[PDB]
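Below: the structure, in structure tokens.
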Amino acid sequence: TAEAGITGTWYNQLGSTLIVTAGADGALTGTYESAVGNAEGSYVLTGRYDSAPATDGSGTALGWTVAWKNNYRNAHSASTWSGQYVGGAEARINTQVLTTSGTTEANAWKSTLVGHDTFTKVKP
Numbered sequence: 015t016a017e018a019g020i021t022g023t024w025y026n027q028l029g030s031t032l033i034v035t036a037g038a039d040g041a042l043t044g045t046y047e048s049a050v051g052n053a054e055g056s057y058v059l060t061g062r063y064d065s066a067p068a069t070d071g072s073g074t075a076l077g078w079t080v081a082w083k084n085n086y087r088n089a090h091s092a093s094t095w096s097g098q099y100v101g102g103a104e105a106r107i108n109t110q111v112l113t114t115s116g117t118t119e120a121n122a123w124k125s126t127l128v129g130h131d132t133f134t135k136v137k138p
């Protein structure tokens with residue numbers, strides 16, 4: 015199942031660590047530790063996934079958010095990852111990620127970064 019495949023620890027191409035539980039209903043809950051940026055320690059993560067994906071070889075759609083405030087630091091920013099889980103022997107979560115920082119109105123045009131993160135079950 016998608017639930018079974020997604021739950022656990024994942025690692026992106028930058029050295030960041032995702033620990034997530036996929037609930038029976040569609041919930042994603044866990045923590046995120048970033049190897050980059052104004053970030054230290056782990057941050058709360060919450061999101062959603064399709065709990066009944068197609069069975070035709072298509073991936074499982076999902077997304078999650080981390081606000082970059084925890085017991086260590088507050089970066090006044092939040093990231094969202096949107097993507098799909100791909101199961102099997104070389105399982106992946108392939109994502110694109112938006113990172114929005116709080117800005118003044120004048121600076122809103124430069125508030126949001128776009129990037130792409132690929133997550134694997136073993137460290138890169």
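Our numbering runs 14 ahead of the 1-based position in the sequence shown. All C-beta atoms in this analysis are idealised placements derived from N, C-alpha and C, irrespective of residue type, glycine included.
Residue i: CB within 7 Å of a non-hydrogen atom of the ligand ZN
{"i": "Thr79", "result": "The ligand ZN is not part of this structure, which contains no ligands at all."}
Where residue i falls: helix, strand or coil (DSSP)
{"i": "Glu17", "result": "helix"}
{"i": "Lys83", "result": "strand"}
{"i": "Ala38", "result": "coil"}
{"i": "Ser72", "result": "coil"}
{"i": "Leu32", "result": "strand"}
Residue nearest to residue i in terms of C-alpha spacing, selected from the options
{"i": "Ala105", "options": "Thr74, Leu127, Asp64, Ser115", "result": "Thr74"}
{"i": "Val111", "options": "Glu119, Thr117, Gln98, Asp131", "result": "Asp131"}
{"i": "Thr69", "options": "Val128, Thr117, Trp123, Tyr99", "result": "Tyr99"}
{"i": "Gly129", "options": "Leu76, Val34, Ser96", "result": "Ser96"}
{"i": "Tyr57", "options": "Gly51, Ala66, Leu76, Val80", "result": "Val80"}
{"i": "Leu76", "options": "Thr43, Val50, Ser91", "result": "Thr43"}
{"i": "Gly61", "options": "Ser125, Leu32, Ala122", "result": "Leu32"}
Residue i to residue j span [Cα, whole Å]
{"i": "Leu59", "j": "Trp78", "result": "7 Å"}
{"i": "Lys83", "j": "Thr134", "result": "25 Å"}
{"i": "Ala120", "j": "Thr114", "result": "15 Å"}
{"i": "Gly29", "j": "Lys137", "result": "7 Å"}
{"i": "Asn52", "j": "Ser93", "result": "12 Å"}
{"i": "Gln27", "j": "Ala49", "result": "10 Å"}
Residues that DSSP places opposite residue i in a beta bridge
{"i": "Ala92", "result": "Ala81, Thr114"}
Considering only residues of the stretch 99-131, which uninterrupted alpha helix (DSSP H) runs meet the minimum length of 4 residues and lie entirely inside it, listed in chain order?
-> Runs found: none.
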